[PDB]
Structures are given as structure tokens and as C-alpha cells.
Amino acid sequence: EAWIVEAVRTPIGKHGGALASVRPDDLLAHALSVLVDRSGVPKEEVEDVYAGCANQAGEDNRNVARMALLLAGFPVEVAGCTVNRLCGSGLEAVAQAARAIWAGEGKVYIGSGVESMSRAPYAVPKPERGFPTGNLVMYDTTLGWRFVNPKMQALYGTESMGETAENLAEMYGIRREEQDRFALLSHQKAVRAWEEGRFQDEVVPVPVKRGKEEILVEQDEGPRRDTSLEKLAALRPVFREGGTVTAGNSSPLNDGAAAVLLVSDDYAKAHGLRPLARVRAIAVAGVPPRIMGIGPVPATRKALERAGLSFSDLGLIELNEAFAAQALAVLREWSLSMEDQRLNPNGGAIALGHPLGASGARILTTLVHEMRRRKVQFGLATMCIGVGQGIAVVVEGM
């Protein structure tokens, strides 16, 4: 009933990098425009546009989805909503789109996500008294915990994502050598994937204006060919003294956008749209904040169950790489080796980038396209989510 007929993503840029000049609302518009243009489905046919965004305080404020779809030239009739389940917002957007199609409402929906961590603004508290006294803090929304709630600090901590990654490394006994090794592979597969043209179909270039002339960013600037196991081992822990998680075996902060077009099976048939995949089942689940990294475990088991499938039926697995330590802990639960041919075949977030709000849709796009070329029947896309959550979506190729 819910079919994925098109998937697109802008390349992923480094923080303050290649796409730091492009504002989120404009960035997402590029994705939305490109999705529809190559699909051959008039914009006017889209019923509603769901988009994921982790921080809607800056140029992405007041419902990016609606702002972006308008900017992209869609007719005024197309609706939009911005969903926010942090790291997993991108996937939640697709889930939301699918559920609508299943409910027999619209026939054409878009599931997307965007996040410009470079341009994330500062948030400043409002005074509560007349002529205050005392310094104030300007919170950088690019980062994490802010406007902290004392009651929150008391119930669970406010440990950084990086810290929870260490908590996992401890719990599962994931050594530094293994973390860096996992990281090296992410880079190697990504570099190889680009080099061999596997990203050419799903990636749509983004024009950047540098002063007077335009530049065309058309490749993720994250992957490095010179990544070596020696250099990776030279980096210092960054979240815990005498720790194990370093800047090299964890994802960076990035800018990016992704969008997938979903239509009802009947609609696809009536317009000759060739399916890329079909949404089989979705699941969401919560885990303790201190170890939000394993969120994919219970989410994937619930999803597989709902799709009446076994992990072993999966032929391609997209597990978002928030931290090597976290990803490996998840792999432990699944009894899988980082060398598994099905796992992040073209690289993961450690090398490609983790533009929060957009990653969910980003990884589903990479999954679907790869599923098609190697004709895999079942694929999984799942991510860990900040403050203790997980989301997973099971897709069936066609």
C-alpha cells in the first residue's frame, strides 16, 4: 500500500564547511524540488510534506517543511509539517508519510529531513523580573543539553551523546582498537562507494554562491582517503579522560538534506511509477538515556516482528554510525561482525556525516538505492536517538 518511488539527498558537508553558506530552509527546498522533478509527478499532486529537524530555532524556524516546500515552488495547496524525534527525525518523517498512505488519506506524500548544524543560532532566556542582575548564558543550539531542567538533572543525568557512547564502550567492553578499526572501514567503504559511482544516482548537487560566482557542491566532503589506522590511534579521548571515544571514531557535525517520495500502490499503478521499495513495518522504542546508543536493538526487534521477518531475512542493513562504540555495542546484541557484507555497504555517518534531522531520510535513501542495484529483498534502516530512543523501518525491495 505505501510505496517508495524516489529518493534523493544533497551531499553532506562538514561543520562551517561546503554548505555552511546555505540556509536549512533553502537546503531542504533543493531536496524537495529535485525529488519531484526527476519523479515525473507534478508538485500539485503532493498531499503533505513531512520533514525532520532536530533544532528549529534558526533559519529553520516555524515549520521548515512548509517554508521549504513553498520556497521550492510547490503550489500553495501542498501541506507540510516538521517532525522532531532528534537524531531519528528523518526516519520518523517517512514513517509518518507511510502511516498516512495506509490510512487511505492522500496518495502522494513526501518524507524528508534537513539539519544545518553550521548555522544553528544561539538561544537566550527571557527575563522574568523588571531590571534583572546576573550574567546570562547564550546557548549554542549546535550542541546538546541547554536550558537544562534541574528535575531532569536529578532523575537521569545530562551526559553528552559522546559520554553515553563511553558508557556503552564500558558496558560491552568495546576496546579502542576495535572502535578505530570500525571507523577506518566506514571511510574505506564510503571512499570506494563514491569512487565507483554508487552515490551518483541518489546525490543531487547543491549550488553554493561564493561572492559573485556559483560553485557546485556535488560530493560528501566527509570521507578521507588518507584515513589510516595509525592516525586514528593518535587522537586523544574527547569525552572522558583516559577514555576511548575520540573525534575520529565518532560522527562529526554536518549540514545536509534528504527527501523520499512515497505514493499509494494504486496511484503508482495508475501513473506507471516504478517502485524502489515498499514500507513493510515500522517501530519506535525507548531505552535508558545514559545508554541511548542501543536504541536500535528493541526498535529493530519490534519492527522485524511486525513485519513477520527474522533478522536473517535482512539482505542489507543501514545502521546509523553515531559513534563507533555505540554501533559496535548494537552489533554485539545482533551477533554481527563489523565485516558483515550487509552492513553500511557504502559507508556510515562516521565518514559520510551526521546532519541530525536529515540522517534518518539520508540512510533510507542510501539503503533503497543499494537494495535496487544488488536486488536485495529486505532491508533495515535504524538509528539511535538522543535522550534514549530508537527507530527502525523495514523495507521490501521491488
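Each residue number is its position in the shown sequence, starting from 1.
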query: Which of the two stretches, 368-376 or 24-32, shows the higher mean Cα temperature factor in the record?
result: 368-376
- prompt: Which has higher Cα B-factors on average according to the PDB entry: 278-286 or 180-188?
  reply: 180-188
message: Just the C-alpha B-factor column, please: which of 398, 4, 8, 393 has the biggest number?
response: 398
- prompt: Which one of 140, 166, 313, 196 shows the top CA temperature factor in the record?
  reply: 196
- prompt: Would the CA B-factor of residue 293 place it in the lowest, middle or highest third of its chain?
  reply: lowest
message: Split into thirds by Cα B-factor across the chain's modelled residues, where does residue 244 land: lowest, middle or highest?
response: highest
- prompt: Relative to the other modelled residues in the chain, which third contains the C-alpha temperature factor of residue 37: lowest, middle or highest?
  reply: highest
query: By the record's CA B-factor, is residue 85 among the lowest, middle or highest third of residues in the chain?
result: lowest
task: Would you check the entry's CA temperature factor for residue 348 and let me know if it's in the chain's lowest, middle or highest third?
output: highest
